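build me a structure from this.
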Amino acid sequence: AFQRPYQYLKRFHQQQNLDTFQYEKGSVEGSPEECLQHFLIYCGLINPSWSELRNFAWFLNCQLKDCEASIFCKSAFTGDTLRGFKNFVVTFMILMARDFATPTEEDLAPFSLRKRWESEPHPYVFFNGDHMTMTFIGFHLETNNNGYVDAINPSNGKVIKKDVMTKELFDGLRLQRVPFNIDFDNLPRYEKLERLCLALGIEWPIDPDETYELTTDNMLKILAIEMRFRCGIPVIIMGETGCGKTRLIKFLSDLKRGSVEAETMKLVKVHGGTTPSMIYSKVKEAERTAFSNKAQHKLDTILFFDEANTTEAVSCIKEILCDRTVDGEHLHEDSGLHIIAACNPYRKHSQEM
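Numbering: from 1, shown residues only. Coordinates below:
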């Protein structure tokens, strides 16, 4: 997980071609401090933790794994004019990592002060695992006067990521007919559902509930959640009780299961009275249910914690997924279970209130 992004970014540091195959499964020469510094500099954070670097590492790992899952490298080999694409890839991965995991009264400074909201760009590109294409939601591309293409956002304008790549990649992908710059504010329900099921790696798209209007921001948040618990990053959703959260991942799980009538979404209401024993019991029972579902259907269940902040056991809600442990026993990485939690924001009342 820490190796492959290191192998790519070490060669990305000094501008060099990468047409030679990578992932040799053996450790090439590498030193601790050089890779540590390289991960530090390209992350954006000036004072990052170790968890943030781990999160960036797993995100790059999962993104490169998606890249090798598709046949883009093989198509580059067989078409013989597709290189330099990986440079645009890696630049965009830095961009979405900066969109993902670089956060930032005198006592709510760490908690209430939220430097980033949903009123920020979400340029989202995924290499789907079920198919051999790529999909884009949440951003637009526009050509510039220096021969390159810049990224712009809806409702405003922005000049992020100047000087990305040349025109040969654009010509190649236009030959491959991949949906670049598709605006989802004027697309019908069937096509948006097809794109969503293409992105989540879901086969045989079936409508679970037509009444669930699925906006562009809904693409962004659903795919962010799925990406978060695909790459292994803990899923904590800092949305107010106003925002629709339970319905969101209920819809996600309903699509994920497809047509089975088993129990795939376990909704645990977290609450002030949630003693730690409550949490371990619920997680263990849902973990046995996860064994059953994975063994019988090759299907992944989800354990969703509602308002997982009012309890005094938020550390219990943290250990189950940050370091993969429940009540002091190492949870099984093979088991198969997506544990997500929804944490309420922090803000004082208005003084008159």
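
which residues are in contact with stretch 143-154?
Outside stretch 143-154, the residues that touch it by CB atoms under 8 Å, 6 or more residues apart in numbering are 95, 121, 123, 139-142, 158-167, 170, 183, 185, 216. All C-beta atoms are positioned from the backbone trio N, CA, C, and that covers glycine.

give me the most central residue, the protein.
residue 227 (2.8 Å; CA atoms, centre = their mean).

thinking again about what came up before, okay, and which of the contacts of stretch 143-154 map to helices?
For these, the ones inside helices are 95, 167, 170, 216, with DSSP state H as the criterion.

which elements pack onto the helix or strand harbouring the residue nearest to the centre of the chain?
Assessed by DSSP states H and E, residue 227 sits inside helix 216-230. Counting contacts by 3 or more CB pairs under 8 Å, 6 or more residues apart in numbering; DSSP states H and E, helix 216-230 packs against strand 124-127, strand 134-137, helix 189-199, strand 235-237, helix 246-257, strand 338-342.

one more time with 7 Å
Secondary-structure packing of helix 216-230 (3 or more CB pairs under 7 Å, 6 or more residues apart in numbering; DSSP states H and E): strand 124-127, strand 134-137, strand 235-237, helix 246-257, strand 338-342.

now the ones you listed as TSV including mean neighbour count and distance to residue 64?
Shown next, in TSV, are the helices and strands packed on helix 216-230 (neighbours: other CB atoms under 10 Å; distance: least, CB to CB, whole Å):
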stretch	mean neighbour count	distance to residue 64
strand 124-127	20	9
strand 134-137	21	14
strand 235-237	20	21
helix 246-257	19	24
strand 338-342	22	21
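
out of these, nearest to residue 105?
strand 235-237 (21.8 Å; CB to CB).

the closest one pairs with which strands?
strand 338-342 (parallel) (DSSP bridges).

report the angle between the partner strand and helix 246-257.
For strand 338-342 against helix 246-257, the angle by axes from the mean of the first three to the mean of the last three CA atoms, to 10 degrees is 170 degrees.

who's in contact with residue 241?
By CB atoms under 7 Å, 6 or more residues apart in numbering, the contact list for residue 241 reads residue 344.

gap between the helix holding residue 227 and the chain center?
6 Å (CA atoms, centre = their mean, to the nearest Å).

show me what counts as buried in that helix.
216, 218-230 (16 or more other CB atoms under 10 Å).

how about stretch 9-17?
Under 16+ other CB under 10 Å, the buried positions of stretch 9-17 are 9, 10, 12.

follow-up on the earlier one: of the ones in helices among the contacts of stretch 143-154, closest to residue 353?
Among these, and counting by CB to CB, the member closest to residue 353 is residue 216, at 33.9 Å.

ok, now which ones touch that closest one?
Applying CB under 7 Å, 6+ apart, we find residue 216 in contact with 137, 138, 184, 185.

what about burial for the residues you listed, which qualify?
137, 138, 184.

how about the last one, nearest residue that isn't a chain neighbour?
What that stands for is residue 184. residue 216 (4.4 Å; CB to CB, 6 or more residues apart in numbering).

got it, and residue 45?
Nearest one to residue 45, counting by CB to CB, 6+ apart, is residue 102 at 5.1 Å.

equivalent analysis for residue 265, please.
Nearest to residue 265 is residue 253, by CB to CB, 6+ apart, at 4.3 Å.
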